[PDB]
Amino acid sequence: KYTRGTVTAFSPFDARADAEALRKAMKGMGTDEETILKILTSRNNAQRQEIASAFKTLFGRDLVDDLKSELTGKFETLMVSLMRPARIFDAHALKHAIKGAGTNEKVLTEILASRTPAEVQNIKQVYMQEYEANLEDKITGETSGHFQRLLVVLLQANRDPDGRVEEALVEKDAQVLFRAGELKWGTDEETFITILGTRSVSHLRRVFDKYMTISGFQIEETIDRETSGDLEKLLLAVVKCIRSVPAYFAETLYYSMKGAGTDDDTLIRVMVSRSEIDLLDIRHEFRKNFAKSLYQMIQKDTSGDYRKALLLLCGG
C-alpha cells in the first residue's frame, strides 16, 4: 500500500551534457528521434526540468518549443507531456478538459476521483496561480446536475479521516446504497453523494463489504460502465479508487486499447501521470486482472517511436 513507479532518477546525471545531446539531436535537417526518447524516458521529471534550464542557458532556446517544432504526432504529445512539470500537470489537463466547446467529462472524473486530498488541494492552488481562475467556478460552469455536485464535493478535498469505524453507520450507509442501487442510482442522489464523497476510505470499504452481503453483488456490478450516465461513470470511478487506485488505472489503460483503435489521449495521460507514483502496481493489477501484460497490449496497439518511448516508460 506502498506504491512503486517505473521511472527513477537517472545517474550519473549531467543536465548540461544532456541538453547538448538534445540540441545536436534536433540541430539541422531532420531529427534524431531516438536520442530524444532515450534521454526523456530515463530521466525523471525534476531532472527533465534541469535539462530544460541548462538548454536555455547554453543556447538561449526553449526545449519544449523546439520539441514541438521538431516532433510530430503522438510522439510529440508524449514527449511534451513528459516535459510538463509534475506540479502543473493536473491543473493543465483540467484547464483543457474544460476549455473550448464541450467538456472532456473523462479527465474531469479521472483526476477528481483518483487524486488524494492533498493532491486536489495542490491542484486548486497551482490552477489559481497559473490560470488565474478558481478551479471550482469553472467546473461549475461546464457541468450541471448531480455530476456537477459530486465533482464539487470532491473538490473540497475534505473526506473524513480514517479513524474509528462505527458499524452502525457502516450499516446505515449500506442499507441506503442498496436501495439506491435497486433504484438505478436514480434517486435520493443527494444522499449517496454525501456518503461516497465524504466518508473515510476505511469506512467505505467496510460499507462495500456489507453492501455485498445484503445484495449478493458488488456495488460496481450495479452500474454499466460501457453504456451511460456521467454521474454513473463518476460514481464508478470513485467506488474503484476507494478499493484501489492502481486497479482503476489498469482498467482505464485496458479500455484505452481494447477494440479498434486507441484512445491515445488516455494512454499517454495515465502512463505519464503515474510513471513516478504507481505505474508498477498498475502493471501488476493489469496482468492479474487482464491476463495480459501492459507491455504486450501497448506493443500491439501502438507503433514506432511513440511505441518505443511508451515501452521504455512501461519497463517490462
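All residue numbers are counted from 1 along the displayed sequence.
*Where do the C-alpha atoms have the higher mean temperature factor in this entry, in 217-225 or in 239-247?*
Looking at the record's C-alpha B-factors, the answer is 217-225.
*Comparing 192-200 with 230-238, which stretch shows the greater average C-alpha B-factor in the deposited entry?*
Higher of the two, by average CA B-factor, is 230-238.
*Just grab whichever of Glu119, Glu76, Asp209, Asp160 has the top CA B-factor as deposited.*
If I rank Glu119, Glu76, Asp209, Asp160 by C-alpha B-factor, first place goes to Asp209.
*Top Cα B factor in the deposited entry, candidates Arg287, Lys56, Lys27, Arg274*: The listed residue with the largest C-alpha B-factor is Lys27.
*Comparing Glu33 with the other modelled residues of its chain, is its CA B-factor in the lowest, middle or highest third?*
Answer is highest: the recorded C-alpha B-factor places it there.
_Ranking every modelled residue in this chain by its Cα temperature factor as given in the entry, which third contains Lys172?_
As the PDB entry reports it, the C-alpha B-factor of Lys172 lands in the highest third of its chain.
*Please rank the C-alpha B-factors of the chain's modelled residues and tell me whether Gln148 sits in the lowest, middle or highest third.*
Answer is lowest: the recorded C-alpha B-factor places it there.
*Looking at the entry's B-factor column for C-alpha atoms only, identify whether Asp281 ranks in the lowest, middle or highest third of its chain.*
As the PDB entry reports it, the C-alpha B-factor of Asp281 lands in the lowest third of its chain.
*Taking the chain's C-alpha temperature factors as the reference, tell me which third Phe13 falls into: lowest, middle or highest.*
For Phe13, the deposited C-alpha B-factor lands in the highest third.
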